[PDB]
Ligand SMILES: *[C@@H]1O[C@H](CO)[C@@H](O)[C@H](O)[C@H]1NC(C)=O
Ligand SMILES: *[C@@H]1O[C@H](CO)[C@@H](O)[C@H](O)[C@H]1NC(C)=O
């Protein structure tokens, strides 16, 4: 199912090793369907590789990065959505997992 | 399609590649290494006890 | 991971390698005890200090 | 070499029956409809237009794989050895050393040590295929990506390795009118072609006149380079000029 | 001591070529041919059994063959196999024949049954033996070198070889349904016959004795035999038990193969003269035989050639020797001596001609 | 059966790590980097000692006793730096990329 009415948003992001960013996408798919999502640039990365969508709704994803002002083109069912975030540094100095 | 890609040798992290096949919906896929092993040459010289 | 092992799972084919760096953490002369290994220089056969 | 197991063809009488698929080495199946049988008393069945026929076949290793096979090997540079005769005080002492500079042999207070070979040339490459009396500097197909009708027709790691990958295009054809047989298409192999055109044996094509010998593989008399050889010896075998 | 074929039957098979132009359903039709023995011995899977009578004795001079749905017996003396020359019977066991045989586009097997009627079956089979060593021949020599190869052996208790044996489904023989003013007379001859009819009454079902089912045609009915006692191996030519795949059964398939040496012939030694950095070889044949040569520089510069007649070849030799192999004999080594001279120290100069031994036509640039 | 070791207490500083460690029996300690060089180092220890370690830009491994290796990793540290009417930027460019990207300044 192709999708229309895309508009993204960032509630609160912190560039770190964890699930440090959250994003929210408004969308309107044509029908029920499983479909993929891909980070176009390399800085942002999406954990959840693909999801089911139904139609006019909004969807929450989790992402990692390194940059504060994350400018973001993202391909979903191929449609380019643009977004921008002003992230924050984390509080812990040293974590163990890479 | 056949698709070639290259990934870093970081064990235990998901890398994402995207199959952008035209005429088809794209397919993202994840690779994660569990182990990479190197077995060198088994050339014995002698023993010691 | 050397570019000569095609393997398939549910008619999906994979070919991996060869490695972009053929460096090893080994030298050529190795002593091996039942739990451990060491890079060193043993004297050859017949020249024992 | 391989064997094509073809079971007896399923004759589905007066209706249809399809095959339940399985992951055999090159499992292949097809049900032909509208077919007709024949036997002693005419057709084997009673219905005519509703006779269908299921056909299934596959390929396994042979009994000849138990003893006769070609082997694809990977190889690289060598740890050479040498046999060295010495006339010493009119006595023929013969030593055997390892021609890499890391073996000394002692005989009659004599400390022989050969050196590393001044070159490192071999007549071999990486991919080497052997059969039982000769070797070849040939590039076999990669394992699992075996091409049909050549080396790569069937593949397995060991003769004990029960898994066998194959690629031979065994696709069944429509059987004839009445003739109960199973027409399968042709399946050219590696032994059907390769043992007629082995050509350049490395025994016969070795540069610098080296010879080969199998079990284990060994190249002898590779006349290039030069051997450093050192000897330690005490003063007992010498004698002073006051005796000379 | 190998009495294991008691649940077997030597069935009859649709042979596509019995000679005489067109096909038959011959009792003796072959199915599976093996030629992987590098000497060229043939392992043949036939639709008969030999050396075993109806009571499954070890009488190794007879044979079983089914005919008219009855296993009858005959004698192995009439057995013939043929590619182009009258072949020899070597290995004799059940569904398997071993024979050593000459060239041929085709192959056929045939013999006479116990009613003095001889039958055969023919399959085209591109049987040309592979060459062994480096030579060919009319026949085996009584002398020669010993080269490794592989042959069949003569064992009957060969383990780890298997085929599956099970009950054959039916036997449609339409020589039974006769019309008695339009009737059907199923004549069972002491069997169990399935019938399939497009009429009233006993259209389908089973009987045990000769019955009369009236006012219907022969092709309107169908009378097949249902044997339920003896089994056959899974032939790919027979119809299957038409409910599922393999029904249970097992027998082994002996006469296995093993490594061996074999007598490869020698080679008649050629004659040879010498010349200025070159050699003339008059070489005799015995059969079409190859020879090869190389030299020992940086490159090997290989040549392989076949020869068939009295052939003379001149070969130039560089300063690193020459190697020429011919036949199964040892490869002949050669090394270029100073040729004869160019010249000695004459009272003129008359010198540079022996300078045409060491480096001819190069290093005269220094002159 | 060999003994294991007691897990030591540990805290972090900006791009470094302080590990306070408690033996009872004489016990080894070792550590290394995972870069191109190991920069391998080791000490025996017998008493309740603290140690300081410098985690590199790529990652550190420490091993105490017979335990499974405590692996450690550089996270970009903290916030004393933001976006305002002054810069508040260079501590960002002290946290990421020290000793260079100040060269472009
Ligand atoms: C030593 O062996 C050579 C052959 O390798 C032989 O010609 C020579 O006579 C022998 N000398 C003695 C003293 O045995
Ligand atoms: C037969 O001999 C060859 C070498 O001569 C060996 O490679 C092979 O494994 C042997 N096979 C058996 C069954 O002994």
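Using Swiss-Prot numbers, chain D covers 859-1102, in order.
Recorded method for this deposit: electron microscopy, 4.2 Å.
Placed from the backbone N, Cα and C atoms, the Cβ positions cover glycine too.
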Name the residue range among D:893-910, D:911-928 that Swiss-Prot annotates as region 'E1 fusion peptide loop'.
D:893-910
Subset of recorded positions (D:877, D:905, D:950, D:1068, D:1079, D:1080) lying within 10 A of residue D:871 (disulfide bond), CA to CA, in sequence order:
D:905
For residue D:905 (disulfide bond), what residues in its own chain, 6 or more apart in sequence, show a Cβ-Cβ distance under 8 Å?
D:871, D:872
My list of recorded positions is D:871, D:877, D:887, D:905, D:950, D:1068; which of them have a Cβ under 8 Å from any chain E Cβ, in sequence order?
D:871
Neighbour count first, Cβ atoms within 10 Å, every protein chain included; then name which of D:887, D:903 tops the list of disulfide-bonded residues.
D:903
Relative to ligand 1, which of the recorded positions D:887, D:950, D:1068, D:1080 have a Cβ found under 6 Å from one of its atoms?
D:950
What is the interatomic distance between the Cα atoms of residue D:1080 (disulfide bond) and residue D:950 (N-linked glycosylation site), given in whole Å?
25
Express the distance between the Cα positions of residue D:950 (N-linked glycosylation site) and residue D:887 (disulfide bond) as a whole number of Å.
72
Just to be sure I understand, if DSSP states are collapsed into helix, strand and coil, how many residues of the region 'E1 fusion peptide loop' (D:893-910) fall in each?
0 helix, 3 strand, 15 coil
Given the disulfide-bonded residues D:877, D:887, D:1068, which one's Cα is the least distant from that of residue D:1079 (N-linked glycosylation site)?
D:1068
